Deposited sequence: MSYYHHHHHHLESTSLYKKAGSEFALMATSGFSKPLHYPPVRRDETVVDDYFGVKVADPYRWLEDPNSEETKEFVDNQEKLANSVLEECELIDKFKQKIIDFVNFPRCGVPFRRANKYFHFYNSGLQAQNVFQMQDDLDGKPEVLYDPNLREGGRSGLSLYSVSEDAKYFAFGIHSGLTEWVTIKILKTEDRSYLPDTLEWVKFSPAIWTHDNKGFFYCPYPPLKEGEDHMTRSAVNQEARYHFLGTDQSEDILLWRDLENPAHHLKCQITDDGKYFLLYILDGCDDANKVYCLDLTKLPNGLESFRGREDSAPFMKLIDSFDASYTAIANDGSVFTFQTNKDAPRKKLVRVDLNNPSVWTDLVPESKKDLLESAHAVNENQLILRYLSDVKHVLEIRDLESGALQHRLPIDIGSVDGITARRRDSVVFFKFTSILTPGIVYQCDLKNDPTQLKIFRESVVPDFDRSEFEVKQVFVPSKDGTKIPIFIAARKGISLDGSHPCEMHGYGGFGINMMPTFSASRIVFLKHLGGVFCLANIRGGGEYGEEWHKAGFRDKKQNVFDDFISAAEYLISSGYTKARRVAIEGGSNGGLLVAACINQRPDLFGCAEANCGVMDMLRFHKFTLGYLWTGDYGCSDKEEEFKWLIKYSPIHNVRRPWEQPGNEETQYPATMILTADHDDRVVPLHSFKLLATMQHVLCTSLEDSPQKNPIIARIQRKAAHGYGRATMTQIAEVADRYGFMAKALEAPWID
């Protein structure tokens, strides 16, 4: 273990509680001490990882199982079709364009010819006439994006260059004269950019100098008449809704804004699904934690009427207007999708298609499209694009494209959903994937995955590496739908955030206890994983019950819950986490904050034989979202408290960081994490 300096004079007073921050100096990523820290950790990691002799066999199996063609869900503009393509091992997917669903495709933009395919396409937008394609190119490693515009007819670029963009989409007016987008100043703004002009000429539509932390999404109605600005605070599921009637502008957008402020508060989420003239249909969580559809006339905006009411059980996840006058409602019922077809006008049920364990998503049909396309993936289904022609065969889901994994028989394996009790009684859904007919004799290595926050729903999607775990390591995989997610609506999210964040860790721990008890595995043969907020998850559980885990892998997680809010965009995470500038909130945080809760378990009575599991902390050296200081400080603390502070520590399990989104880069991370896992669980290859 490399020596790491401790600044013993850094202490802070949080409402009378003293907290030392020995590793405060690691909060600066450009000091040479800090770079040296990285290099020394990298030397240790690599040293350890050579010992992990299955890394090379994982790498090739992942590579072999990923090497298959993948057509993405096609979308239509005018009479052209557009979709993403990857022949199997390309670094980034490729945007392609076609005249007909099964005619010759044409490459439209290929990110692999730029910076080695370091980054792929994040913003992409085709105009209504299909003649223009506005896409987002990254400059360096940084969050920032430049918007350029290609002509689809001949793939020539417009001179137009829009800087200072991040997550904004390009939303085209139906006149094909330009698009709305949402940049930051050289305080996000809503702007309109006329094709063929300089960014300096772009029309300002909205800014709020008084509320700089508010950020924006926007949309344009399927008829082209209304531009909708959404305004959000933090990561709450809640937003404003302003509307601008573009037909009532006397000189188009060149005039200039006078928004009809339909919803001017953050009480509820609102998404627009459809409109007939001024009569709008929204999806909302207003008085309906599991969501519902409502209808309101903008010319009488006070009167809201339910159109499809809130289900007593199921989350209404999204909704789409299709085929002139229908709705497809995507429900999540016990973390399983259910698609309903309904009449747009009456909200009456017409058809109800349950879906197998797995996930459907990417429904991009628009109101005038009569053919709907969506993608289905599962643990043992690599990816199916289904098509439903609502006109001519509304009932049958026909297969449009079908990915096949080479040399993999899915009939060897199975997937079940079972429900397990948590500390406070609550039932927790979990997904267990493994080989058919196995004995529940406690012998199998086991990998458990979870997230636990921000209303994110964890779906059992396809991972190739996971097949390799199942087949070539005789493994059992568990995806755990703990609270803090949005799987059971807003009450599910609220029962695992702020003052109740602890429940999330308790839910995960219980899922592990279930798998130990039912004979799937045993303590010390369990591996946990999770990224970002699920790195926080992993870190917290191994502090509280290190006895349960053989291995642990936290990817760019949030570890200093006292100071997370001070860095890059961490301030938008205070809705979920609390903020340590408030006593009540400080007190939630201090109890579970990873870097402040590393204690030697062998010093606890009746617990002398317990050590932290083998831990890999995966992180970049320069991450713009979850600043790596988090991971470094945790690494620093663990290594200190459990290894370097003692002469001959019981902590034999290694504590390392792996230090680095392109395909082969991604396979390397995953093959490493899996080999490390194999060595930690003492598990042989099959």
- Task: Identify which parts of the deposited sequence carry no C-alpha coordinates, going from the N-terminal end onward.
- Result: 1 to 37, 224 to 236, 307 to 312, 717 to 724, 751
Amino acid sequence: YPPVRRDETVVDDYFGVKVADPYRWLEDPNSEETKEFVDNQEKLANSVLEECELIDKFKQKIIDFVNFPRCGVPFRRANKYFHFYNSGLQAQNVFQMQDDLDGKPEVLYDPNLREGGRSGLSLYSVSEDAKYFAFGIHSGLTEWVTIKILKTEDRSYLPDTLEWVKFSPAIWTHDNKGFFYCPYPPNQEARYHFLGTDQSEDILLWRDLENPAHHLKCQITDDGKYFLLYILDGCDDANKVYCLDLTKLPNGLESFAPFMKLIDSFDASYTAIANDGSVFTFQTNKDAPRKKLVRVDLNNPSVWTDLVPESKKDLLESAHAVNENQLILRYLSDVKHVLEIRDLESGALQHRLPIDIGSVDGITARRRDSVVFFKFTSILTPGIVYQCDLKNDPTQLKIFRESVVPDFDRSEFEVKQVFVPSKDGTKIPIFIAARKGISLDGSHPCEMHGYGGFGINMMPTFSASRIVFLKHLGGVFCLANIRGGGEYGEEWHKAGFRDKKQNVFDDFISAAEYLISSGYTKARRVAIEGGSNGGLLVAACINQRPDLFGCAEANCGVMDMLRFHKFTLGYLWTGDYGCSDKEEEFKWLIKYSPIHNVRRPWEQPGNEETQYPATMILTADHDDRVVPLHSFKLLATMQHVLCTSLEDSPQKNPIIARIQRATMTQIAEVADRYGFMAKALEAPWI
From here on, numbers count along this sequence of modelled residues.
- Check the entry's C-alpha temperature factors for 319 to 327 and 231 to 239, then say which stretch has the higher mean. 231 to 239
- Higher-B stretch (mean Cα B-factor, as the entry records it), 649 to 657 or 60 to 68: 649 to 657
- Note on the structure: Among 604, 199, 125, 122, the highest C-alpha B-factor in the PDB entry belongs to 604
- Query: According to the deposited entry, which of 452, 354, 406, 178 has the largest Cα B-factor?
  - Reply: 354
- Item | Where the record places residue 364 (Cα B-factor, split into thirds across the chain) | middle
- residue 141, C-alpha B-factor rank within chain (lowest, middle or highest third): highest
- Item | Cα B factor band for residue 216 (lowest, middle or highest third within the chain) | middle
- For residue 169, does the deposited CA B-factor place it in the lowest, middle or highest third of the chain? highest
- Taking the values exactly as deposited, rank residue 157 by C-alpha B-factor within its chain and report the matching third: lowest, middle or highest. middle
